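One structure is given below, encoded as structure tokens.
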Amino acid sequence: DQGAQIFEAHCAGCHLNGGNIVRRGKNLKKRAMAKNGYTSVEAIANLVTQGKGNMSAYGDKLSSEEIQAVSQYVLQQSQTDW
Ligand code: HEC
Ligand SMILES: [Cl-]
Ligand SMILES: [Cl-]
Ligand SMILES: [Cl-]
Ligand SMILES: [Cl-]
Ligand code: NA
Ligand code: NA
Ligand code: NA
Ligand code: NA
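The numbering of the sequence shown is the entry's author numbering, which starts it at 4 and goes up by one.
Put into structure tokens, the structure is as follows:
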């Protein structure tokens, strides 16, 4: 799975198993993702592309296709509770 591979290589440092070791209240599990509206590929992809706060932008680091793939992976994992 490309999305999983991208996640392992670029996201798992902070978000292993859907957590967030940096910002406790902003993890990738169902509750926080739903509360914050990260419930579509597009919502997730927008964040990954642009960054926010202490999370880097990935729009000049990952391709559009890679961003879509990792965003779909995160969506599916979050909706099903990692
Ligand atoms: C640590 C250096 C991080 C890496 C690597 C990635 N993310 Fe991240 N993410 C981080 C922080 C500090 C935050 C909070 C941003 C804020 O201030 O609100 C986030 C948030 C997310 C979210 C939203 C989670 C939520 O609101 O509950 C998503 C969907 C997310 N991060 C995805 C994501 C992906 C796919 C990454 C790899 C490309 C990635 N993050 C890397 C910190 C860090
Ligand atoms: Cl794939
Ligand atoms: Cl990768
Ligand atoms: Cl933070
Ligand atoms: Cl950045
Ligand atoms: Na890997
Ligand atoms: Na913290
Ligand atoms: Na670049
Ligand atoms: Na940069």
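Backbone N, C-alpha and C define an ideal beta-carbon position, used for all residues, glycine too.
Checklist line | Which listed residue (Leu50, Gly16, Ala60 and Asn57) has its alpha carbon closest to that of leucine 78 | finding: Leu50
Next item on the list: With DSSP collapsed to three states, give me the class of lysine 55.
Entry: strand
Next item on the list: Classify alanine 72 as helix, strand or coil using the three-state DSSP reduction.
Entry: helix
Notebook entry, point to check: Using DSSP with H/G/I as helix, E/B as strand and the rest coil, what is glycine 22?
Noted result: coil
Checklist line | For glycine 54 and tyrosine 61, the rounded distance between their alpha carbons | finding: 7 angstroms
Checklist line | DSSP three-state assignment for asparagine 39, whether helix, strand or coil | finding: coil
Note to self: Considering only heavy atoms of ligand 9 and the C-beta of each residue, which residues fall inside 7 angstroms, strictly closer?
What the structure shows: Taking each Cβ in turn, the ones that pass are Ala60 and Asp63.
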